[PDB]
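Just the one chain here, the form deposited in one PDB entry, laid out as structure tokens.
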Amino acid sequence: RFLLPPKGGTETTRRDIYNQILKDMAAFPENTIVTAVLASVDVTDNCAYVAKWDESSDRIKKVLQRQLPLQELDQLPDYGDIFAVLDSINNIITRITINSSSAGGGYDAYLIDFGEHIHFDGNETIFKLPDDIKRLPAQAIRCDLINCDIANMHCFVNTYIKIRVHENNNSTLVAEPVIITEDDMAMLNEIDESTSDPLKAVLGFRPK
């Protein structure tokens, strides 16, 4: 059975949903070199995403590695509201928001911690986050990477990199890449299997 459609909220574009979610811009100070995970490289939209994945994000990490039980949901939350979705094949649970209704069926959704826009069929297994996790800042910060080969940068997704922050306007970054607990690396391997899944682009996240 499909999830019930959202009862409320304002539908938004991919650019707008990124603007509406909470983001910790203080983690990327200008004129400094910082260590961050290359969350995603969108070679169709040019821009990349960086995530601090700092000790303050520990609750999100616990949900992602299925270390915390969550209440399964049958009613999609409102557009712009934050919840969790299960990638059943790769066994990880990630934070998500529905930004709009799709004309052909389903919805447009944003993976706030990965910086990825995906189609949401409405058959996906979804959960309610506890309020503290729900209120945590989105890990993925939009970043214009300069002086580098973006295509080559795509292979370094889900790895720690060092970036020189040229500009931090408070919604996006202009950064140049420069050429960490054991649990953090283990989590990145778990994320990479979901990200590298051969059918993720075609089917999105699979149910059950």
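Start at 1 with the first residue shown and count on from there.
Only in words, not in the display: the form solved in complex with a partner chain, which the text now covers.
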In the entry with it bound, the residue from 35, 56, 171, 65 with a non-hydrogen atom within 4.5 Å of its partner chain is 65
Using a 4.5 angstroms cut-off on non-hydrogen atoms, would residue 111 count as touching its partner chain in the entry with it bound?
yes
Q: Consider residue 124 of the chain shown here, and say whether it contacts its partner chain in the entry with it bound, taking contact as heavy atoms within 4.5 Å.
A: no
Item to check | Contact flag, residue 155 vs its partner chain in the entry with it bound, heavy atom cut 4.5 Å | outcome: yes
* residue 90: heavy atom within 4.5 Å of its partner chain in the entry with it bound? -> yes
Within 4.5 Å of its partner chain in the entry with it bound, heavy atom basis, the matching stretch of 142 to 150, 42 to 50, 156 to 164, 23 to 31 is 156 to 164
